[PDB]
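Enquirer: my complex, first installment, coordinates as in the assembly:
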Amino acid sequence: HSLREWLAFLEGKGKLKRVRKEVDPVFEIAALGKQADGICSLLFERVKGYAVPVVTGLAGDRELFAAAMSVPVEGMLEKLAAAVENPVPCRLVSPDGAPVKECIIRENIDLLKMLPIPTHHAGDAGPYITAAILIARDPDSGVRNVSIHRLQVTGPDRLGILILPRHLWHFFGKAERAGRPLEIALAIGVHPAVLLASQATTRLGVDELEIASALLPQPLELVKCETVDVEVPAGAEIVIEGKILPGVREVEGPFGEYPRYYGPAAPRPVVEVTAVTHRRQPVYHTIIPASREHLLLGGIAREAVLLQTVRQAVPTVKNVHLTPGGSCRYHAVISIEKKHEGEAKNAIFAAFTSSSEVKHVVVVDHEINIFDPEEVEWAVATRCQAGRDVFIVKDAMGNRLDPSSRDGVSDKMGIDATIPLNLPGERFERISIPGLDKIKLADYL
Amino acid sequence: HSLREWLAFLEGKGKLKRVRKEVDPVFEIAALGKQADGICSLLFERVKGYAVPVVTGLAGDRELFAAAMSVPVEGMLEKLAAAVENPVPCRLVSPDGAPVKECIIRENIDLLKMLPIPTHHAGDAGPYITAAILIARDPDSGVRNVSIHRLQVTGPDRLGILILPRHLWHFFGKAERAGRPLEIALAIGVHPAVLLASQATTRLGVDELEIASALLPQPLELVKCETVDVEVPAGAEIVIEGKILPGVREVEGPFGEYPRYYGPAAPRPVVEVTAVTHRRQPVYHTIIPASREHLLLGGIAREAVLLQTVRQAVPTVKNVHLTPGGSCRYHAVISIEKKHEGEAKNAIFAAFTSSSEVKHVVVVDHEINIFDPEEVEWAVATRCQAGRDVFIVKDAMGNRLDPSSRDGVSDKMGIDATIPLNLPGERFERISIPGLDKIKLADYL
């Protein structure tokens, strides 16, 4: 189970369409991809200036992510959590025969020359590599980490990188204050399960490639790199080996980001690329920022944690959802089977503790479909009284990229839209038409 | 421009579909209609027990209401407001030739026998007439009023009626405390402009039929009734002449209502029907409660007022929307071109004064599309800080049918999701792809 096998699966399900007409990597790919967002993947067979085709939108809805993990939607968060608790080791494989080693390139590396790296949004500083998993080992303990980071193409052999302060930063800090570069490898064009695993949010020790291989049916085949002590998936379309230079900061950005605002420009670390390896006739994968693919990668991983955290406070939680309206981050909707009066407030506290990104939270009862915005809005309209069901907390920790925040400090709000417990059960009884699910309109026209 | 001409218009636009298979008026009509809600009108050609077909969903979206008023959507609220300020008189027409007089019936009236009156929701007390405009004159001044009222079929010649305390109640009170019945006429199967006008909310003096005839291209042709001193539209499919009996109260309801809850049963007025008149091969119109047709009839009329009221406080208001999530009543979204800091709070006050039904209000900037729930949710997620942008007012007047309310007393909430004025300008700049509207995906596959 690799990217090729996944694109075939999409094509069999009618969720991949080919674009035969020529398209400019500057803006036209992003433009066309936005119109396909959530509906289908696009494979651009002819990208102006390049032999290599571009693909986008490998998974734009939660049903396809569930398929990528070989589960039904309803058990998706449970399986992701299970994969994080019981990682499965990978298999090292020989360089010869490994598809990613079909073409090695160690000299005169010019990334823009060889790869159709798109330029996505108007205010972007340049072309960006958006779908590369970044693999690295701790310089002390030797254990490896995977994360995804935007990479501005700033030269032939040179990338700017945004490293937020999580595990890659920890590694980089050790290398930097010992005067030494951090060796990395970037894999582009991998199976969605692998991308999803890069977003798993865990203890410091754990290898996300091992989380990925718990998600896939077979263990994940890896191969050693040419110029760095790092292993990469042998089935990847493209691999870029490099190192993050110590003490160097160059201006990266701005860049259109997940919340439909521009991430500000600033001096940030630099990758020097030491080799590129790829398949014969490789496919380039780009993730269009703010697309459903982008949002759900982080969203589903966050949701898996949110469910566990809410379960601690409210064991009878049924479901959780980080809405696309909130960039699958900021807004959370929890459904609970309420057993104790007050429980909804406690659920909201749990939602806030799941992540500092969570800003507004609404809680509804088990019967409300939280993946239908209209149904939750309905619940808020008719089951919330703001004087007793809303609370606001000022000046908590939020998110720097939310432009309403005061330098990452943010206010928070909770909305209890659950029915009061111990009342006449006919007061909030939602109207219904008997035999609705039994009858089907298509049978009558 | 009548109902027949409207159904033909729908059919020409692909928004009416026929259901040839037999359907039970008890539940199956409502069930099938719910699946068409917002997509298309359904004409049930074969209703079990009856020659007469049933139609539902004459207008399920705002574009079709705009078409029914012969305007583009963007000028719809302005035209409805204009029609209320400058009503146009109707034309009295001769009984012979008038289509609604083709079949008179003055004896052995059994409504359930002749008309396919559906039973809509599980907990409904019985079959209900849902789409009848009710016309009546003031016993003193003689000026007429139009409103729509649910009518429970409680006998062959007998209907229970809910009269909320507005203009029909005022008329009825005068008649009742003078010991006398109030003469009424019910017209079923009229043009959507006529229905929409019955919801216009005005000074006590004004005739909504005259509002309707300002909305239509020709003035509205009327004809005198057989047994009551009341005029009805000559083009109606069905007319039911009757009188509201003085001093009589019989149990009406329960009934599934606009907010997807059951209106409770109670003793209420009674209509005795004195005649029925109709076209040869009449079409019965039902409005399924809580359908888009139901919600938008009241919604658009309320929106027209909301716009004017918000304009008083904020002259640069761009748009207003009472959302279907709030039953086109409870939730309001206002867009303003903000000229003065603070303006959004003042807009919210105006939204509250438009109607006591308005409970939660969010204000966004001119560029946000307020008819897209995701775009307004996005604005709330990224441009609201609850500590300074939300306010809550306890124990105001709300709505009895909102079950969260304390006997019609309700809390209110306002959310200012506008950008602060006089700021750096690129902070809230929404990302974009240049040439997006110029490029079109269908041209590339």
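Expert: Looks like it arrived, so ask away. Numbering: from 1, shown residues only, chains lettered A, B, ... in the order given.
Enquirer: now for residue A:410: which residues touch it?
Expert: A:359, A:395, A:396, A:397, A:398, A:399, A:402, A:404, B:385 (C-beta atoms under 8 Å, 6 or more residues apart in numbering or on different chains). (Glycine included, C-beta is placed from N, CA and C.)
Enquirer: before we move on, which element is it in?
Expert: Residue A:410 belongs to strand A:409-416 when elements are defined using DSSP states H and E.
Enquirer: sorry, back to before: of the contacts of residue A:410, buried ones?
Expert: Neighbour counting with 16 or more other C-beta atoms under 10 Å in any protein chain shown marks A:359, A:398, A:399, A:402, A:404, B:385 as buried within the contacts of residue A:410.
Enquirer: how close does residue A:36 get to residue A:288?
Expert: The gap separating residue A:36 from residue A:288 is 9 Å, by C-beta to C-beta, to the nearest Å.
Enquirer: the two: which has the busier surroundings?
Expert: More neighbours surround residue A:288 than the other of residue A:36 and residue A:288, with 26 against 22 (other C-beta atoms under 10 Å in any protein chain shown).
Enquirer: verify the stated contact: that one with residue A:32.
Expert: No: between residue A:288 and residue A:32 there is no contact under C-beta atoms under 8 Å: 9.6 Å.
Enquirer: what's the overlap in contacts for these two?
Expert: Counting by C-beta under 8 Å, 6+ apart, residue A:288 and residue A:32 have no contacts in common.
Enquirer: thinking again about what came up before, with the contacts of residue A:410 in mind, which one is nearest to residue B:280?
Expert: residue A:359 (62.5 Å; C-beta to C-beta).
Enquirer: distance check, that closest one against chain B.
Expert: Remark: distance between residue A:359 and chain B (C-beta to the nearest C-beta, to the nearest Å) = 7 Å.
Enquirer: which residue is the nearest non-sequential neighbour of that residue?
Expert: residue A:330 (4.6 Å; C-beta to C-beta, 6 or more residues apart in numbering or on different chains).
Enquirer: list the contacts of the one you found.
Expert: By C-beta under 8 Å, 6+ apart, residue A:330 lies in contact with A:259, A:322, A:357, A:358, A:359, A:360, A:399, A:402, B:381, B:382.
Enquirer: where along the stretch 151-300 of chain A do the helices fall?
Expert: Using DSSP state H, counting those that start in this stretch, the helices found in the stretch 151-300 of chain A span residues A:167-177, A:192-198, A:208-215, A:292-313.
Enquirer: mean neighbour count added to the ones you listed, as CSV?
Expert: Shown next, in CSV, are these (neighbours: other C-beta atoms under 10 Å in any protein chain shown):
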stretch, mean neighbour count
helix A:167-177, 18
helix A:192-198, 26
helix A:208-215, 25
helix A:292-313, 22
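Enquirer: and then chain C:
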Amino acid sequence: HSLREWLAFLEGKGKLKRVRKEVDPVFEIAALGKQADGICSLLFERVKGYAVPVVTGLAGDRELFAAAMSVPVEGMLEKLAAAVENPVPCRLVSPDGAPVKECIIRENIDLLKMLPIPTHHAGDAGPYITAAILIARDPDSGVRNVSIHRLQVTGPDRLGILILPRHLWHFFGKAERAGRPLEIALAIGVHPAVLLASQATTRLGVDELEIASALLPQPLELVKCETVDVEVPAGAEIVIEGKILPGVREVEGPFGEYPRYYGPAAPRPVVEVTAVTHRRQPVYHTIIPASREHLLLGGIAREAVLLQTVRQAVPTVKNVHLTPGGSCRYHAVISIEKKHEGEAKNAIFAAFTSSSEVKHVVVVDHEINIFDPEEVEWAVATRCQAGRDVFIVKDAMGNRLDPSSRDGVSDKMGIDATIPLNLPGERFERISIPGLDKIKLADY
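Expert: Okay, here's chain C dropped in alongside the others:
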């Protein structure tokens, strides 16, 4: 490492004192024990009406609980958490030689006759067994659970029991709706690590005796029961074998409980005792309700969870404390090394999600000693401004036994007493005396 070895350790440290004068089990034991609360254990050598002595206050402070787990205080919560994640199996041991089998008693069982079961607080319905771990197996899966439950003595061979809805209730429900009794065994007089493990709060599958044996240096020796399919610690002073009767409810309580208020009386399940086994010259252990022993048993277990939960929101949390003022439940004090402005509010949310019992929370900086009430009060006095550092949430889920609550619904409050980040930093510099730790008064 057993109870005997523990009492000797206490005596060697000067934290056990003997009471040679005669004492009434009705009220005088509780009264005297309350005055020793937190200072030392008391061994009552002469209890009016009985040969058997009573012991109380096996561990009244967190240093002694740490010692009972063979760790320094600073690593105590980490070790309890480690023991819950990696339970270690017990050793089944032969009945002969096992000290708890020295005296078996299967007939004419009269508990008040044989055991000096105290009556603790004024409004208590009677004598209560307060320190018995209760062991039981699931009727379906067969896996065992340990919890502590108050047991009213309502007859010679009969106890009333409060079962709150956790694991024992789950077991009991299965047995009850299949018409059958639930077999149990009560062990009294065990090592404090064992008691502490009975309070560990875990997944449904896990055996707390196995948590206890991870806490002890050697695995915990167990022995099969006489009349029930249940194992008990072979080293226990006293064991009471019995069964919880199906369909029977008898009035239990009232009883003075952890928050210094009376748990109300109500119809609850009944234990019929089928045997009693004990050592020759046994020691009876009682836990005085609301004592430090009582509070810290639950407190430390809750603290281990609270630390993990706060760590999720604030990875740089240093320490957590459920204060005795709040019955080691209701009030939480968190210390954090603050890295991001706002972090304290998020820590408070985590404190609330740890448990619905948590009502008021204060957060201070890493340098404040949160086990000194005066130092945290000082921090609140000088680093909190209520207008921006306090928040209140109305009508959340609380606790039924908190009498200020509206039928278990309770308001919550958070207090951020951390220094604001990015200020001068020398404004809040606390005064100090150089060479204070180097100098020692007893030397002068």
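Enquirer: same question on the contacts of residue A:410, but with chain C included?
Expert: Shown in contact with residue A:410 (C-beta under 8 Å, 6+ apart): A:359, A:395, A:396, A:397, A:398, A:399, A:402, A:404, B:385, C:342.
Enquirer: for the fourth one, name its beta-bridge partners.
Expert: Residue A:397 forms beta bridges with residue A:409, as assigned by DSSP bridges.
Enquirer: near chain C, which residues of the stretch 301-445 of chain A?
Expert: Counting by C-beta under 8 Å from any C-beta of the partner chain, the stretch 301-445 of chain A comes close to chain C at A:309, A:312-313, A:340-343, A:345-346, A:349-350, A:352-354, A:356, A:388, A:391, A:393-398, A:407-410, A:412, A:414.
Enquirer: just the buried residues from those residues, in ChimeraX please.
Expert: The command below creates a ChimeraX selection of those among these that count as buried (16+ other C-beta under 10 Å):
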select /A:309,312,313,340,341,342,343,345,346,349,350,352,353,354,356,388,391,393,394,395,396,397,398,409,410,412,414
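Enquirer: now residue A:9: which helix or strand?
Expert: For residue A:9, the host element (DSSP H and E) is helix A:3-12.
Enquirer: the residue lying closest to residue A:45 once chain neighbours are set aside and chain B, how far apart?
Expert: Leaving aside its sequence neighbours, residue A:45 sits nearest to residue A:53 (C-beta to C-beta, 6+ apart; 5.1 Å). Noted for residue A:53: a distance of 14 Å to chain B, by C-beta to the nearest C-beta.
Enquirer: I'd say residue A:53 and residue A:29 touch.
Expert: No: between residue A:53 and residue A:29 there is no contact under C-beta under 8 Å: 10.7 Å.
Enquirer: of these two, who's got more company?
Expert: More crowded of residue A:53 and residue A:29, by other C-beta under 10 Å: residue A:29, with 26 against 17.
Enquirer: now do the contacts for the more buried one.
Expert: A:23, A:44, A:47, A:54, A:56, A:118, A:120, A:286, A:288.
Enquirer: number of nearby residues for the residue nearest to it when sequence neighbours are not counted?
Expert: Spatial nearest neighbour of residue A:29, excluding adjacent residues (C-beta to C-beta, 6+ apart): residue A:118 at 4.6 Å. Look at residue A:118: counted by other C-beta under 10 Å, it has 26 neighbours.
Enquirer: ditto for residue A:141
Expert: Residues near residue A:141, counting by other C-beta under 10 Å, number 11.
Enquirer: with residue A:49 instead?
Expert: Look at residue A:49: counted by other C-beta under 10 Å, it has 12 neighbours.
Enquirer: do residue A:81 as well
Expert: 15.
Enquirer: likewise for residue A:106?
Expert: Here the number of neighbours of residue A:106 (other C-beta under 10 Å) works out to 12.
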